[PDB]
Undergrad: 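Dropping the structure in here first, questions after.
Within every chain, numbering begins at 1; the chains are lettered A, B, ... in the order of the sequence lines, protein sequences first and strands thereafter.
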Amino acid sequence: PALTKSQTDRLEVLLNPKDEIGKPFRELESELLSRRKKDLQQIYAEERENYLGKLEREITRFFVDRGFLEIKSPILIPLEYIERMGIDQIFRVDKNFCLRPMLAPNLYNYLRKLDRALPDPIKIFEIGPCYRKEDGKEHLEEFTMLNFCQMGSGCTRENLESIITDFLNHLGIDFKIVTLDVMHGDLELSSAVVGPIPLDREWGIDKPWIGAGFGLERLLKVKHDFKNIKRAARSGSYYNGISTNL
Amino acid sequence: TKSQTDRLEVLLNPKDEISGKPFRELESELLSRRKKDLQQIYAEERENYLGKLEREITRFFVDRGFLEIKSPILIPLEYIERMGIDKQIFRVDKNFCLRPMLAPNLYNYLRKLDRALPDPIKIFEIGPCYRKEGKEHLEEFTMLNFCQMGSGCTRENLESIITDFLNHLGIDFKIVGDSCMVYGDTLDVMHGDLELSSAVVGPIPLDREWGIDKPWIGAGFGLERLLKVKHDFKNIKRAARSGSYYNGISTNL
Ligand SMILES: Nc1ncnc2c1ncn2[C@@H]1O[C@H](COP(=O)(O)O)[C@@H](O)[C@H]1O
Ligand SMILES: Nc1ncnc2c1ncn2[C@@H]1O[C@H](COP(=O)(O)O)[C@@H](O)[C@H]1O
């Protein structure tokens, strides 16, 4: 015969990058299902930790060990911050609030405020959900952002390039630095910047600083060689990359 | 005065000795204590209270055989209509909304995982939940929901897990019977007269709405309330995600 679209996409979903796997569709599907169920049975028997959660924790350990303060800010923020971010893809909620499309606005308020109680340099970071009406191969609507930044005198690209390297070296991911765009192949892993920037004026930040934002789903995409980033995202359709529609 | 009192309670900490000293002098002493606390934290801690508790709770459950779940926060509006709600919902756009609870997604995982895992199916999620709201309620809170599905799951197992859980977190509690129409004979996990969690033993009518036929037990705890008890916070806003507090310390210094 020849697989119909519906059957190819179906095999696609049940397929795993590590799969060793002609044969008719029903046999291919039956065998792949059997494997996926076993893969799930293994995770349940040995691991049990969710990829998204586990990586978040590992990333948190790294930064917390390197002197960064772990921030947990609101996901539902005032629409003002979006304006204040010089934004003239957003999920609006109610009257003047929305779902944070980035971690920057809330981190800015922490840099400013903390800058009055903590000695330079101020090192903070946050890992969490961000939303953007979106190319499900690199982009999701609900993704997880890692944002870190250090504020104080002397902060430079060098400093920045240092953390990014120790970081990705730690995670165990290849990369290529090329504002900076931490690339892995041609997949953008992160967007980093060396302060100060005009926008700093909009939030009361008057010291130089360095920061980078990474998408944990892309880190996972690369770490587990997923074709579709959705396999790394929050969903009820995949668990640690294993289809749940079995 | 009134306004002075308010900004004083904001800088006042639970562990402080807290009468007649002039305001300026009182505010000053608190501002320095707060920066000191915030400085000790930045030097020896650095872990968000919410994040740390989540990580501790996660280890507790993964170690007892529960699978860790991370599901969408932005869920389909129908899941709400499906839970039996026709409320304080943050609708976003056409037909989506910020989950007001974890039940729907966990219901789906139970249904799907039952086709691949041997009973008992044990899962749990920890994450953001939303409800439009004061001294005990946040609009944006953090929920922990765990449940086991499979025959055998009795009220006994439920009370036993909660007990090991709260014993591990070192949180004194009382479990009182509660009864309502939709959920039936429920379990209230109390600390004084503050509710820590609602615990239910399935099956219940609502189940058929999600493709679940088997019995189960589950309970949901709000982390902020767990924090509020552990740290003896007066206002639950001390533990919530916010730009005004950090581990219960005012950031306006
Ligand atoms: N829509 C998205 N879906 C998934 N990840 C994203 C998305 N947008 C951004 N990211 C991740 O966050 C990084 C920085 O995004 P940004 O600086 O806002 O352009 C990107 O390089 C990705 O690592
Ligand atoms: N608005 C809220 N703010 C903080 N915690 C909450 C809130 N709603 C529920 N919780 C916590 O979650 C538990 C169960 O909530 P429910 O979904 O109504 O059964 C409550 O007893 C609290 O422990």
Undergrad: Taking the side chain as every heavy atom from C-beta outward, state whether B:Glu224 and B:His137 have any pair of such atoms under 4.5 Å apart.
TA: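 Not in contact.
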Undergrad: Can you run down the salt bridge (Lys or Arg N to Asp or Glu O under 4.0 Å) pairs that involve residues 39-49 of chain A, sequence neighbours left out, and say none if there aren't any?
TA: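 Passing the test, one end in residues 39-49 of chain A: A:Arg36-A:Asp39, A:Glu49-A:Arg57.
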Undergrad: Partners of A:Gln41 by side-chain hydrogen bond (donor to acceptor under 3.5 Å, both in side chains), sequence neighbours excluded?
TA: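 A:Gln41 satisfies side-chain hydrogen bond (donor to acceptor under 3.5 Å, both in side chains) with A:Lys38 only.
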Undergrad: List in chain and number order the residues that pass side-chain contact (heavy atoms from CB on, under 4.5 Å) with B:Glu140, two or more places apart in sequence or in another chain; answer none if no residue qualifies.
TA: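 Result, side-chain contact (heavy atoms from CB on, under 4.5 Å) vs B:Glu140: A:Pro74, A:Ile75, B:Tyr130, B:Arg241.
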Undergrad: Considering only residues two or more places apart or on different chains, which pairs with a residue in residues 181-200 of chain A satisfy salt bridge (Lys or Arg N to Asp or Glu O under 4.0 Å)?
TA: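 Those involving residues 181-200 of chain A do not exist here.
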Undergrad: What class does the angle between the rings of B:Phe233 and B:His231 fall in, given that below 30° is parallel, 30 to 60° is tilted and above 60° is perpendicular?
TA: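 Tilted: the ring planes of B:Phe233 and B:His231 meet at 30° to 60°.
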Undergrad: Looking at side-chain heavy atoms only, is the closest gap between A:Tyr238 and A:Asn245 below 4.5 Å?
TA: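 No, side chains not in contact.
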Undergrad: Search all heavy atoms of B:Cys97 against all heavy atoms of B:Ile80 and return the closest pair with its distance.
TA: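 Residues B:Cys97 and B:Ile80, closest heavy atoms: SG-CG1, 3.6 Å.
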Undergrad: Which pair of non-hydrogen atoms, one from A:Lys221 and one from A:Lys137, has the smallest distance, and what is that distance?
TA: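 Shortest heavy-atom contact: CE-O, 3.1 Å.
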Undergrad: For the CG atom on A:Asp135, are there more than 12 heavy atoms of other groups (residues, nucleotides or ligands in this structure) within a distance under 6.0 Å?
TA: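 Counting other residues, nucleotides and ligands, CG of A:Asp135 stays at 12 neighbours or fewer.
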Undergrad: Test: salt bridge (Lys or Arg N to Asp or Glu O under 4.0 Å). Region: residues 87-113 of chain B. Which pairs qualify, not counting sequence neighbours?
TA: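 Sorted result for residues 87-113 of chain B: A:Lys133-B:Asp93, B:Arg99-B:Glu125.
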Undergrad: Kindly determine whether A:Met183 and A:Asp174 satisfy side-chain contact (heavy atoms from CB on, under 4.5 Å), including the steps that lead there.
TA: CA-CA 9 Å; A:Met183 300 293 280; A:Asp174 157 67; over 6 Å; no
Undergrad: Which heavy atom of A:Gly136 sits nearest to which heavy atom of A:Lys230, and what is that distance?
TA: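 Reported closest heavy-atom pair: CA-CE, 4.5 Å.
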Undergrad: I'd like to check the salt bridge (charged side-chain N to carboxylate O under 4.0 Å, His left out) partners of B:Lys230; sequence neighbours left out, ordered by chain and number.
TA: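 With sequence neighbours excluded, B:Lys230 shows a salt bridge (charged side-chain N to carboxylate O under 4.0 Å, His left out) to no residue whatsoever.
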Undergrad: Taking the ring of A:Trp203 and the ring of A:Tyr81, is the distance between their centroids below 6.0 Å?
TA: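 Between A:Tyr81 and A:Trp203, the centre distance is under 6.0 Å.
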Undergrad: So, does A:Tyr44 use its side chain to make a donor-acceptor pair with the main chain of B:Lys122 at under 3.5 Å?
TA: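 It does hold such a pair.
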Undergrad: Can you name the residues that form a salt bridge (charged side-chain N to carboxylate O under 4.0 Å, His left out) with A:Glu134, not counting sequence neighbours?
TA: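 Listed in chain order: nothing, the list is empty.
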Undergrad: Please determine, by modelled atom types, if B:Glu54 and B:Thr142 share a side-chain donor-acceptor pair under 3.5 angstrom.
TA: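 Result is no, nothing qualifies.
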Undergrad: If only atom types and distance count, is the side chain of B:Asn108 paired as donor or acceptor with the main-chain N or O of B:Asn105 below 3.5 Å?
TA: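 No, B:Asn108 side chain to B:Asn105 backbone: no donor-acceptor pair under 3.5 Å.
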Undergrad: Tell me, yes or no, whether the heavy-atom count around B:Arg59 atom CZ, taken from other residues, nucleotides or ligands under 6.0 Å, exceeds 12.
TA: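 Open.
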Undergrad: Go through B:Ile41 and B:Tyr246 one step at a time and tell me if the side-chain contact (heavy atoms from CB on, under 4.5 Å) criterion holds.
TA: CA-CA 10 Å; B:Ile41 274 179; B:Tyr246 187 89; 3.8 Å; yes
Undergrad: Tell me every residue that passes side-chain contact (heavy atoms from CB on, under 4.5 Å) with B:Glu139, counting only those two or more places apart in sequence or in another chain.
TA: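 side-chain contact (heavy atoms from CB on, under 4.5 Å) check on B:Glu139 returns B:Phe90, B:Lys132, B:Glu133.
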Undergrad: What is the distance from atom CG of A:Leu11 to atom CD1 of A:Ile21, rounded to the nearest 0.5 Å?
TA: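 Result: 7.0 Å between the selected atoms.
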Undergrad: Just so I know, are the side chains of A:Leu199 and A:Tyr108 near enough to count as touching, which here means a heavy-atom distance under 4.5 Å?
TA: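 In contact.
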Undergrad: What pair of heavy atoms forms the shortest contact from A:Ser243 to A:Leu40, and how long is it?
TA: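 Heavy atoms only, the tightest pair is O-CD2, 4.2 Å.
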Undergrad: Between A:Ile127 and A:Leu103, is there a side-chain heavy-atom distance shorter than 4.5 Å?
TA: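 In short, these two side chains do not touch, never coming nearer than 4.5 Å.
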Undergrad: Just jot down the salt bridge (charged side-chain N to carboxylate O under 4.0 Å, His left out) partners of A:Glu80, sequence neighbours excluded, or say none.
TA: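 With sequence neighbours excluded, A:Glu80 shows a salt bridge (charged side-chain N to carboxylate O under 4.0 Å, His left out) to A:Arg84, given in chain and number order.
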Undergrad: Is there a side-chain contact between A:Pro17 and A:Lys227 in this structure, where contact means two heavy atoms from C-beta onward sitting under 4.5 Å apart?
TA: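 The answer is no, as the side chains (C-beta and beyond) never meet within the 4.5 Å cut-off.
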Undergrad: Of all residues at least two apart in sequence or in a different chain, which pass the side-chain contact (heavy atoms from CB on, under 4.5 Å) check with A:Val222?
TA: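 Only A:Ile173, A:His184, A:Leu187, A:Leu189 meet the side-chain contact (heavy atoms from CB on, under 4.5 Å) criterion with A:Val222.
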Undergrad: Of all residues at least two apart in sequence or in a different chain, which pass the side-chain contact (heavy atoms from CB on, under 4.5 Å) check with A:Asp120?
TA: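 Testing A:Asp120 for side-chain contact (heavy atoms from CB on, under 4.5 Å), a comparison that skips the adjacent residues, returns A:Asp115, A:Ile122, A:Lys207.
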Undergrad: Using a 3.5 Å cut-off and no angle test, enumerate the donor-acceptor pairs between side-chain atoms of residues 148-164 of chain A and protein atoms at least two apart in sequence or in another chain.
TA:
| unit_1 | atom_1 | unit_2 | atom_2 | d |
| --- | --- | --- | --- | --- |
| A:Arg157 | NE | A:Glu161 | OE2 | 2.8 |
| A:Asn159 | OD1 | A:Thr156 | N | 3.3 |

Undergrad: Tell me, do A:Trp209 and A:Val193 make a side-chain contact under 4.5 Å, heavy atoms counted?
TA: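 Yes; the side chains approach each other to less than 4.5 Å.
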Undergrad: Would the A:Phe167 and A:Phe214 ring centres measure less than 6.0 Å apart?
TA: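 Yes, ring centres under 6.0 Å apart.
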Undergrad: How close do B:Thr251 and B:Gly243 get, heavy atom to heavy atom, and via which atoms?
TA: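 B:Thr251 and B:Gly243 have their closest heavy atoms at OG1-O, 2.8 Å.
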Undergrad: Nearest 0.5 Å, what's the CD-CD1 distance between A:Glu70 and A:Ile59?
TA: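 That separation rounds to 11.5 Å.
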Undergrad: Determine whether a donor-acceptor pair (N or O, by modelled atom type, separation under 3.5 Å) exists between the side chain of B:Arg115 and the backbone of A:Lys37.
TA: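 Between the backbone of A:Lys37 and the side chain of B:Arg115 there is no qualifying donor-acceptor contact (under 3.5 Å).
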Undergrad: Closest heavy-atom contact between A:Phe175 and A:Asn169?
TA: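 Closest approach of A:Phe175 to A:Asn169: CE2-ND2, 4.0 Å.
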Undergrad: Would A:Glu31 and A:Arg35 count as a salt bridge (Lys or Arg N to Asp or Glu O under 4.0 Å) here? Give the steps.
TA: CA-CA 6 Å; A:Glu31 175 58 18; A:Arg35 289 182 187 192; 3.0 Å; yes
Undergrad: For the atom pair CD (A:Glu202) and CD1 (A:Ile197), what is the distance rounded to the nearest 0.5 Å?
TA: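 One finds 11.0 Å between CD of A:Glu202 and CD1 of A:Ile197.
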Undergrad: Drop me the distance from B:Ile123's CD1 to B:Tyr109's OH, to the nearest 0.5 angstrom.
TA: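 So the CD1 of B:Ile123 and the OH of B:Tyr109 are separated by 8.5 Å.
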Undergrad: Which distance, rounded to the nearest 0.5 Å, do you find between the CG of B:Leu227 and the CG of B:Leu223?
TA: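 Reported value, rounded in 0.5 Å steps: 6.0 Å.
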Undergrad: Applying side-chain contact (heavy atoms from CB on, under 4.5 Å) to B:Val62 and B:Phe124, what does each step give before you reach the verdict?
TA: CA-CA 9 Å; B:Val62 164; B:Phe124 76 98; 4.1 Å; yes
Undergrad: First locate atom CG of B:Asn48, then atom OG of A:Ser73, and finally report the distance between them rounded to the nearest 0.5 Å.
TA: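 These two atoms lie 9.5 Å from each other.
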Undergrad: If you define the side chain from C-beta out and look only at heavy atoms, does anything of B:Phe61 sit under 4.5 Å from B:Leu67?
TA: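 Result no, sub-4.5 Å side-chain heavy-atom pair not found.
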Undergrad: Determine whether A:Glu29 and A:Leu14 make a side-chain contact, defined as any pair of heavy atoms from C-beta on separated by less than 4.5 Å.
TA: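 The answer is yes, as the side chains (C-beta and beyond) meet within the 4.5 Å cut-off.
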